[PDB]
């Protein structure tokens, strides 16, 4: 068996649901330890083992409440999800990256939920400059299992040398972070690094500010495949089982989880 596998066999309905199969709880975290604090969401059921973790950053002038719907929606699929606040509203993309890594370190070493977490199975995500943060974090910490960038503004616009499986969302109508920019970004990812690109039809830059089934139902498979090695979820992306709301999809299917570290 896959020792990291959690939860029942999925369906299209189960990955699209507002709440998944796991009951969840949260705890607030105050400012400190290198970042602005935030909220940790987690499954309360311990009987299937520890869960992997995801830290999520807002963008410039953003706070976690603006995108907080991700917290319980993702956690209830069997993940520990840390939505962060930044030290300052005007923090840079590389700064957001620093703070995502600081949040993951706090999650693993000091948080009240650290006993529920598998500290070897962590990921990063974010919106806009927070997505740039997530990508920059991935470049710095290749042991991360996954990175998800929503309209990610990475100043360099290059992922050369990235080893972390990366999912990028582009908003069709966005001009701050246009699809053309995000196409170029995707195309810098090394051929040996698993990757995907999804353009959302009719979406503006701040589409993610409202709950989105289109986002949730494609993010959840990505996290399951790469954080949990859980190829029960490959059926949602390889091929794309439902193209509702998606203008363009590119990926390196079949999506194969990273090999286990050398003994």
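Numbering follows the first chain given and starts at 1.
> Decide which of the stretches 68-76 and 189-197 has the higher mean C-alpha B-factor, going by the entry.
Per the PDB entry, the higher value belongs to 189-197.
> Pick between 56-64 and 42-50: the one whose mean CA B-factor in the entry is higher.
Here the higher of the two C-alpha B-factor means belongs to 42-50.
> Taking the values straight from the PDB record, which of 94, 86, 175, 150 has the highest C-alpha temperature factor?
Highest C-alpha B-factor among the listed options: 175.
> Using only modelled residues of the chain, where does the Cα B factor of residue 213 rank: lowest third, middle third or highest third?
For residue 213, the deposited C-alpha B-factor lands in the lowest third.
> Comparing residue 138 with the other modelled residues of its chain, is its CA B-factor in the lowest, middle or highest third?
Middle third by C-alpha B-factor.
> Classify residue 156 as lowest, middle or highest third according to the C-alpha B-factor given in the PDB entry, relative to its own chain.
Middle third by C-alpha B-factor.
> Mind checking which third residue 163 falls in for C-alpha B-factor across the chain?
Its C-alpha B-factor belongs to the highest third of this chain's values.
> Based on the deposited C-alpha B factors for this chain, I'd like to know if residue 183 is in the lowest, middle or highest third.
For residue 183, the deposited C-alpha B-factor lands in the highest third.
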